[PDB]
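In structure tokens, one chain follows: the form deposited in one PDB entry.
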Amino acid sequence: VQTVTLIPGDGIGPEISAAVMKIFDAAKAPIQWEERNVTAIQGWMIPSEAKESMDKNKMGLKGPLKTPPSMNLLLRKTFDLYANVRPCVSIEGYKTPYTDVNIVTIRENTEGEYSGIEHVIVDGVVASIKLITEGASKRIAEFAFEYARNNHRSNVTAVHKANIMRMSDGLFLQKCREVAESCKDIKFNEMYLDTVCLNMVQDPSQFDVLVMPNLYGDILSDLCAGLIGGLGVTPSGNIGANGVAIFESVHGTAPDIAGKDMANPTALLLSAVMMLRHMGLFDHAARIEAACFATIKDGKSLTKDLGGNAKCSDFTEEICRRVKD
């Protein structure tokens, strides 16, 4: 029996956290929850009991947070969350114009145009500082190639703009190329960001694992989520230092429907599935994931946002009786 740090969050957060809790218990998952609140205090940092919890449990599940220093930039520095993994998978029986999408975006989470560094050079002239380093690049590329080796993926594509930003993106590319030479069992290729965006929208099936710097990853992960149904069905995990990883929903707090038993908890649940696989609980992950997809394929009980009108409770309840197989 193992303990997970749970940050319910704001708006629908509690509801969808509780929904994931009930599904885990129904599935007899060996998971207990330590509920924690990360609204920042200053001395800016997260509350001591949050950090102490996460340092001890390593696994965290995090719902949508409200935007005020952002608590997610704080979480990232506090645990050196350097790898943002976002699998994008077609949901069998939730029709979009795109089918058989199976892409994993690996996004460098520490650097790039997200440095926080800008200057007013002279009045009316701003320079924003994009930062690319040798170590961060090698680290993310080593992560994308380990992920491909451990998840049956065959191809890693490095997405870049080294033709426009010759030195920074060039360095990112060079460190990908090095790691790729070190991993002969994964086929590696390079591709410009604009070209990826041009092709992704036409034929998404030509892409497997994609590793890229921060800004490109933040943008392309959300583009790809459009192909399969939006942020309400997309999981996300962030890996960090000292075996810490935080799995998260990346949709908004949805206050227009908070508390009205109307929320869609697929995302947090599919993230909690990533979490379960990260912990070795492969059998519970596959049953919960199977129970989830089967509920959606059946159609008879979808939440408002996916073209139905079942309550969040009814959707959560059908999954629970399904996962008892």
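Heads up: residue numbers just count along the shown sequence, starting at 1. Here, rigid core means the biggest group of C-alpha atoms that superpose within 1.5 Å across both forms.
Unmodelled residues of the deposited sequence between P68 and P69: 4 to 9. Counting the unmodelled positions of the deposited sequence between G43 and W44 gives a gap of 4 to 9 residues.
Between 44 to 52 and 295 to 303, the higher mean Cα B-factor belongs to 295 to 303. 251 to 259 and 115 to 123 differ in mean CA B-factor, and the higher of the two is recorded for 251 to 259. Out of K130, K184, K175, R86, it is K184 whose C-alpha atom has the highest B-factor in the PDB entry.
Per the PDB record, residue ranking by Cα B-factor puts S137 in the lowest third of the chain.
Sort the chain's modelled residues by C-alpha temperature factor and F79 lands in the middle third, per the entry. Sorting the modelled residues of the chain by their CA temperature factor places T99 in the highest third. Sort the chain's modelled residues by C-alpha temperature factor and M275 lands in the lowest third, per the entry. Annotation for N72: C-alpha temperature factor in the highest third relative to the rest of the modelled chain, per the entry.
Omitted from view is the form deposited in another entry, to which the following refers.
Of the residues checked (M262, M59, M274, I296), the rigid-core alignment between the shown form and the other one shows a Cα shift of at least 2 Å for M262 alone. Once the rigid core is overlaid between the shown form and the other one, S128 counts among the residues whose Cα shifts by 2 Å or more.
The Cα position of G226 differs by less than 2 Å between the shown form and the other one after fitting on the rigid core.
Core-aligned CA deviation for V201 between the shown form and the other one: less than 2 Å.
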